[PDB]
Amino acid sequence: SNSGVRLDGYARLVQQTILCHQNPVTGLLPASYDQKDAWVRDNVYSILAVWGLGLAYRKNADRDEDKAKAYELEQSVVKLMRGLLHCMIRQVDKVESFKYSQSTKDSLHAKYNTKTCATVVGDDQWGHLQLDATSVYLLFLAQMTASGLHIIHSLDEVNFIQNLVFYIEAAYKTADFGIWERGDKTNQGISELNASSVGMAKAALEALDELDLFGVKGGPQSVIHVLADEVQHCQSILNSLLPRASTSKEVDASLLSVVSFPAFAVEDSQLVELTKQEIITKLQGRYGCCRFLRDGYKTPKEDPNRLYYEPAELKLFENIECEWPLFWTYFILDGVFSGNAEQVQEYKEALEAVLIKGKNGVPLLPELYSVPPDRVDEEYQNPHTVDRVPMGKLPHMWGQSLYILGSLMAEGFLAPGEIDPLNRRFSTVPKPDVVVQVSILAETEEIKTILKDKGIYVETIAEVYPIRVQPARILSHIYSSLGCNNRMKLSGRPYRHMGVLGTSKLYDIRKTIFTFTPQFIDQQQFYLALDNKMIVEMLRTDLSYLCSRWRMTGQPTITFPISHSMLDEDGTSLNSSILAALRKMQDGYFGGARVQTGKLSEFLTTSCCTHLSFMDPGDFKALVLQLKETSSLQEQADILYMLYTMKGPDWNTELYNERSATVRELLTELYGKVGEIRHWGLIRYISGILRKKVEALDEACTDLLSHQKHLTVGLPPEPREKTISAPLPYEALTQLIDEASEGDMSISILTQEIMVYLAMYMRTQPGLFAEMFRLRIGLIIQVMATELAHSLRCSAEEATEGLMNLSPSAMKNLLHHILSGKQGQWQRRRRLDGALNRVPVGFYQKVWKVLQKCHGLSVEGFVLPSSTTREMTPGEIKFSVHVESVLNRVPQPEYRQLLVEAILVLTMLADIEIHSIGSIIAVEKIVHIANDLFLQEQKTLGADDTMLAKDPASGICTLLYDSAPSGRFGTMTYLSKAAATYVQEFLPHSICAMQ
Amino acid sequence: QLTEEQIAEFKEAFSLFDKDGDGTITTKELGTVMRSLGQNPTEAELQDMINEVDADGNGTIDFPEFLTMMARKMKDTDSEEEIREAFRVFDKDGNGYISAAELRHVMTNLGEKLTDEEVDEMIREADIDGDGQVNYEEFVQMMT
Amino acid sequence: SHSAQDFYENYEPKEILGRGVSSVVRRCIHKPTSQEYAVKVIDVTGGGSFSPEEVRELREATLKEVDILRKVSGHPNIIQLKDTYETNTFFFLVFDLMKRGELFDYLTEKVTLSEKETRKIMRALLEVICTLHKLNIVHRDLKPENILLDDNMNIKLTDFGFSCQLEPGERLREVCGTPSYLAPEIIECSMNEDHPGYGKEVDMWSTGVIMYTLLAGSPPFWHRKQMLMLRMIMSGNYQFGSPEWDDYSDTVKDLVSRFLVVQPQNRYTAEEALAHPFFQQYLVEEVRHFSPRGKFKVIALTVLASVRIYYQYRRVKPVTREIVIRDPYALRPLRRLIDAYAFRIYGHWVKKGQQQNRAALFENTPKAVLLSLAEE
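What follows is the structure, given as structure tokens:
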């Protein structure tokens, strides 16, 4: 039959192309060419064609010979997978070290060796960080297991796999070198985040949710357990940065794999079409597509025998990116997968033209086509016109295997439902909504009586004996025993905080039912849970978030017990906000989701239940006297802090002759008394001594950084100020904040609170941060203090004391008011604008054009040479950083605003004329000329000397600051006149202005 | 404040200006009218005039624009210059007086299908002194 | 009107579109057909912060607004209430969706508008006002922020909360609305209790002020002190700036002046306003007959216009870079560019309320010792 002949031909091609270099015993193919190495990614990618051929053979075999062929192919695949797994399992120590902290020194090697599976290079001679390779390996291992190909034999391998799951679960906040093993855009590799790694890691975690590695004959302990919060975090990060591969590359062709056949992890299909169109319009060429703009690999320049590209890529790597037909061969698979046939035919026809025929006349895919060394000038003027020639190795196993698989699938022998048994092709199907279940419990009898008085029926913590409730930290500690082995030196999952997605579902532990309350009602960590309004806001946000995704099975469940702190001052009635929230929860509408209340007995019948199996059994004495006798929280805190600093870090004060009372114990006890008075004047002070830390701070910092913003901790001036341009570990962030805050102590707490509030507000309303590029906590705090002082018309110390006493809700309201933006008026507005340096939305583009028509812009000695225009691009961040640095030399915010206005008016005027100044422009001279003209004009009118005052250290009249921007007497007209005069001063006696 | 008669006269003048009823002056029609009297503005001149009269770049003139243009108070000096130009257009012959033949020729050039009796009656009614000619004072007074 | 279950199982909410003092607008989709709408969700407990009397008053006001809006339904230019759901704690009012925001954003982005769109906007507003007055219903809440814009430049009135029926022979004596849009009659009634009242007619002054703000770009009356603004409004001394109204037709100025009249009786009505020559247009007619004088006048007018067009074209002036050095505000393009750039730079400080307004940007006064004399 025709099918048999086609299968025989494809098998012959595969045997002659890939299987000829399987390297028996080890089972790992060489990494192409005469390199004598085995890259993990290529080995995984090169098996898909063989797997598909075997799958096609199996169904139609019905014969002994076909049975033998299928058995041999399956055995080869299993052998390769086991050989790959051996190398990883030989390096358990590296995984164990990496589980704690994040560093490149404790990372698994990316290039393993041939026979004996040893190491070839050290830890300082290559980029040993690639989270995508392990992710794709795990994804394909999970996919193959469902097919029916055994790859796991011993139970010990299960523990190693479980530990490895924790090795990649932190991919949403970990920097990696990248798929190309070249760090960021330029050379001199610096770790940076990219969308491809997170996209590939997200798919792997979902696949292994409940897939047992023992097939249909497993046991109670054979399934890998994974969480859900990490998947949602990865999805959010991918959605935020989907259009751009990273913060340094405008677009990368590697996103196709993330949004194509392998590891479908994308929603909002419009994004897929947008990115595909962008890639097609930007990177498409004549004989392939480029990886990314300005890559100099295999170029007639760059001195191939040298590395660490010098910062001289002005135009030596422009419009000469060679090619990569792999991005072309991905398109055929992408089109043929879902519903596309005309696109498949078009891409097949396009690819057939760029093929090369070698020995025996069989398909062969070249790596790239290099531009001729002579015809280089023409390309700069006529891009994508000059013919190219092949260059580099072309035994490309990756592209060849992908093309063979695509052709076989298009032939119709195999269907899309066989390669992906997990049904990952239906990720674009919308899900309508979910219904949230909420249960309310009373801490004691009194709370129950109060609730019943107002018509709310609940049950106390008792009377539900068969069910039990406890905090979430207990669950987090319990989870720290999964996949723990002593012989192999594995410590199990590290401790981490638990989100709402984990606490909602029910649990089973030794024939028992357990429920864990949310983490935000914990008063033993911080004081953010002591405010009822904050509790309500967090509850609403949590309800909305839970109702949004809920990608699990079964309705959710939330327990919200009412504690003693939720009562009024008299302790006889719940607060108004709590009652309103409880009433709104009824009637099936609260926040932005439907909420249904009842009793746990009914919810038990319809609710997700998780079965846990791993838990089954296998003179200071005078000062102390003064503290005891003295009263007042101020004196108590002062003496306690002094004792702790001097001699009482852990020493026993001996205050009680019976009980040994340590300084820490007394400080902890003082919280109980402080919490009743709600005195927000020393609760922060005591928190400083204990040095409490906010959980999930790293997540907030990563979220802030992912929005293309630069953080900053520490008040001015430099070098105290820092710059957190990349994510840092929790300990690193805490120590950096402590160092920046110096001994102020309270500054650290204020900074943490401000960061938390900013992270919270960013998600809801990501529109108020426009016109801003750098965030500075010290400047924000100073602005808040100054605003409070002006409002109260008091001294700076009084304003600081008042700010310290503000409740969290008041602080959030003040921050929102400051951000929104809502003599003495115009000067205040200018000062506020200058402090936050809210530049317009297109300042940098205008600055770059003008530079394009002048020699620079000098600002009090410092000069911004125009040569930087060709060394950078307006979209890059280096140019913006340099511009801000040049503009920030002057300390007065009013001067900064005046300079910004002068630059803008100069840019607007430059359009009218058609000429090149060919000279350096000084903004300060223009400003001074405008000020002199305004002074003369006011003097001519007849204003008395009192109105025309002079600044103490600026030389500019105060009225100028108060003058309105526009109008027939505003500062814009004076600035324009001064700029015109200055331009005329350096013009060849002619303007020729025409528009 | 205008009146019904003024509105009717303005509408009639606008209709006469637009030879083919379309609802717009049209650059071609404007050029045809300009050349009818003996003027040959260039295409760039016509485009500039259309842009200046219109508030945007649509390149078309509507009835409201014509009404606004014709309702302007031009004062005396500019009004005097405009009236002098109009008389010169009507005063093609170097005599300084308006006769029946000159008016008939002007109407024919503008595209008016009138009769000799009609033009004679019009001139007789317009004239006051009865000499068969219209002086500057009569022309200026009748302009309103 | 019915149980919340009908809503719950009929409409699926979506992301937010806007926020208010106590209500937020959200997008909803109709199941039995997938049509998009807007829903105004009103909390009538004020999040549990209001005393019961406030909740009852809010419910009564919402019911009155709904029942008044029910009758007016039918006009193409009014908001359409599609569906209503009520509970003990929430009202859900389902409306047509718009697409773009109110006129505030458009005015802020474009700074000032031309006459072409102003004509259509004023025609639609006058038609709606005439229909409302014919229905013996007053609004008293005509503001730029209460008008929605569609993709085809379609505006429909909304925010009928303050609207109330007026029985014949009655005279309202209540004060409400922003001070800048308050007519002199309202202020007089508030100050003196002997004033008979104000009327269907107090809804002209608002239209005139809206026209003036749309054309000039700043409100005719505004000051940093409420008392000074009220005194200036009482005096009624609106004036046109020198280098601001030198490029506008006289008909528009005459219409604006007619709209703003201190005497209530002399104020133009909707029907009278719609008959102004500014809105005059022609389609076709062949019944134009007159005497020889008419033909002579028409020919003279045609010749005069033909002569004057060329002179008007020639009256243009060059860039005059020396003029720019001397005074750049005289040239229209320079002023337009300066205003646009100033608004772009300081466009984040213009919001609702008397504290912040568009007039705060332009400073046409000659800042000097003259500022010493402010008031008594």
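Protein chains in written order, with the entry's author numbering: chain A, 5 to 622, 762 to 965, 1051 to 1223; chain D, 4 to 147; chain C, 10 to 385.
We put the CB at the ideal spot given by N, CA and C, even for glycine.
Nearest-angstrom beta carbon gap, residue j and residue i [assumed within contact, 8 Å]
i, j, result
"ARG45(A)", "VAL140(A)", "7 Å"
"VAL767(A)", "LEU547(A)", "That pair is no contact at about 50 Å."
"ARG917(A)", "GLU1112(A)", "7 Å"
"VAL1069(A)", "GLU914(A)", "6 Å"
"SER172(C)", "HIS148(C)", "5 Å"
"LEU398(A)", "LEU368(A)", "6 Å"
Span of the beta strand (DSSP E) around residue i
i, result
"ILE38(C)", "32 to 39"
"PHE520(A)", "517 to 520"
"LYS165(C)", "164 to 166"
"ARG472(A)", "471 to 474"
"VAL1091(A)", "1090 to 1093"
"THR601(A)", "599 to 601"
Bridge partner(s) assigned by DSSP for residue i
i, result
"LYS49(C)", "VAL34(C), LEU102(C)"
"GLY27(C)", "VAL34(C)"
"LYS816(A)", "In DSSP, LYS816(A) forms no bridge with anything."
"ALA42(A)", "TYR116(A)"
"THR614(A)", "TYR511(A)"
"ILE146(C)", "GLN174(C)"
"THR563(A)", "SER443(A)"
Alpha helix (DSSP H) segment containing residue i, residue limits
i, result
"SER1182(A)", "Where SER1182(A) is concerned, there is no enclosing alpha helix (DSSP H), given that its DSSP letter is neither H nor E."
"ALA1150(A)", "Note, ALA1150(A): premise wrong, no alpha helix (DSSP H); beta strand (DSSP E) at 1148 to 1150."
"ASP1173(A)", "Premise fails: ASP1173(A) is in no alpha helix (DSSP H) and is neither H nor E."
"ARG1058(A)", "1054 to 1064"
"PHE916(A)", "No alpha helix (DSSP H) contains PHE916(A), which DSSP labels as neither H nor E."
"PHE1214(A)", "Per DSSP, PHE1214(A) belongs to no alpha helix (DSSP H) and is neither H nor E."
"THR71(D)", "66 to 73"
"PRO1121(A)", "1121 to 1140"
"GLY343(A)", "From DSSP, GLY343(A) is part of no alpha helix (DSSP H); its letter is neither H nor E."
"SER963(A)", "951 to 963"
Open item on the list: Can you pull out the residues from the region 30 to 52 of chain C whose beta carbon lies closer than 7 Å to at least one beta carbon of chain A?
Closed with: Per Cβ criterion, the list is empty.
TODO: Give the residues from the region 246 to 262 of chain C that approach chain A closer than 8 Å (Cβ to any Cβ), ordered along the chain.
DONE: Interface annotation for the region 246 to 262 of chain C against chain A: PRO252, criterion Cβ-Cβ distance under 8 Å.
TODO: Give the residues from the region 877 to 890 of chain A that approach chain C closer than 7 Å (Cβ to any Cβ), ordered along the chain.
DONE: For the region 877 to 890 of chain A, the set of positions with a beta-carbon nearer than 7 Å to some beta-carbon of chain C is empty.
Task: alpha helix (DSSP H) runs contained entirely in the region 197 to 258 of chain C, provided each spans 4 or more residues - done: Runs of the alpha helix (DSSP H) inside the region 197 to 258 of chain C: 214 to 225, 235 to 244.
Open item on the list: My parser needs the alpha helix (DSSP H) runs of 4 or more residues fully inside the region 283 to 310 of chain C; what are they?
Closed with: If we require 4 residues or more, the region 283 to 310 of chain C turns out to have no alpha helix (DSSP H) run fully inside it.
- [ ] Taking a Cβ distance cut-off of 8 Å, strictly less, list which residues of the region 46 to 72 of chain D are near chain C, in chain order.
- [x] Per Cβ criterion, the list reads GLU48, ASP51, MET52, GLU55, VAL56, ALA58, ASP59, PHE66, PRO67, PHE69, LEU70, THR71, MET72.
Task: Members of the region 10 to 23 of chain D that neighbour chain C once the beta carbon cut-off is set at 9 Å - done: For the region 10 to 23 of chain D, which is checked against every Cβ of chain C, the residues closer than 9 Å are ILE10, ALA11, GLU12, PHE13, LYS14, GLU15, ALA16, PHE17, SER18, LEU19, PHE20.
TODO: Please go through the region 81 to 110 of chain A and give each complete alpha helix (DSSP H) segment of 4 or more residues, from N-terminal end onward.
DONE: Under the rule that a run must span 4 or more residues, the alpha helix (DSSP H) segments found entirely inside the region 81 to 110 of chain A read 96 to 103.
Task: Minimum length 3: unbroken beta strand (DSSP E) runs contained in the region 53 to 121 of chain C - done: Listed in chain order, they are 90 to 95, 99 to 104.
Open item on the list: Along the region 533 to 555 of chain A, where does the CB come closer than 7 Å to a CB of chain C? Name the residues.
Closed with: So the list is empty, because no residue satisfies the distance condition.
Open item on the list: At a CB distance below 8 Å, what residues from the region 111 to 138 of chain D approach chain C? Give them in sequence order.
Closed with: Under the 8 Å Cβ criterion, the region 111 to 138 of chain D contributes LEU113, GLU115, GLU121, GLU124, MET125, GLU128, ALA129.
TODO: Check distances from the C-beta atoms of the region 87 to 108 of chain D to those of chain C and list, in chain order, the residues that come in under 8 Å.
DONE: Only those residues of the region 87 to 108 of chain D whose C-beta falls short of 8 Å from the nearest C-beta of chain C are listed: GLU88, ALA89, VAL92, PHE93.
Open item on the list: By the 8 Å beta-carbon criterion, what residues does the region 306 to 318 of chain C contribute toward chain D?
Closed with: Taken in chain order, the members of the region 306 to 318 of chain C whose beta-carbon sits within less than 8 Å of a beta-carbon on chain D are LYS306, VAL307, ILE308, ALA309, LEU310, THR311, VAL312, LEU313, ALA314, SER315, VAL316, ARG317, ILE318.
TODO: Check distances from the C-beta atoms of the region 1181 to 1208 of chain A to those of chain C and list, in chain order, the residues that come in under 8 Å.
DONE: Within the region 1181 to 1208 of chain A, the qualifying residues are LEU1187, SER1191, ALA1192, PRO1193, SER1194, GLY1195, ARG1196, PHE1197, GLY1198, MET1200, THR1201, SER1204, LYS1205, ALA1208.
- [ ] Could you name the residues of the region 572 to 595 of chain A whose beta carbon sits closer than 8 Å to any beta carbon of chain C, in the order they occur along the chain?
- [x] Against chain C - using a Cβ distance shorter than 8 Å - the residues of the region 572 to 595 of chain A are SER580, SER581, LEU583, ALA584, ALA585, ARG587, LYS588, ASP591, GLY592, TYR593.
Task: Segments assigned beta strand (DSSP E), at least 3 residues, entirely inside the region 365 to 416 of chain A - done: Counting only runs of at least 3 residues, the region 365 to 416 of chain A fully encloses the following beta strand (DSSP E) elements, listed from N- to C-terminal order: 372 to 374, 393 to 395.
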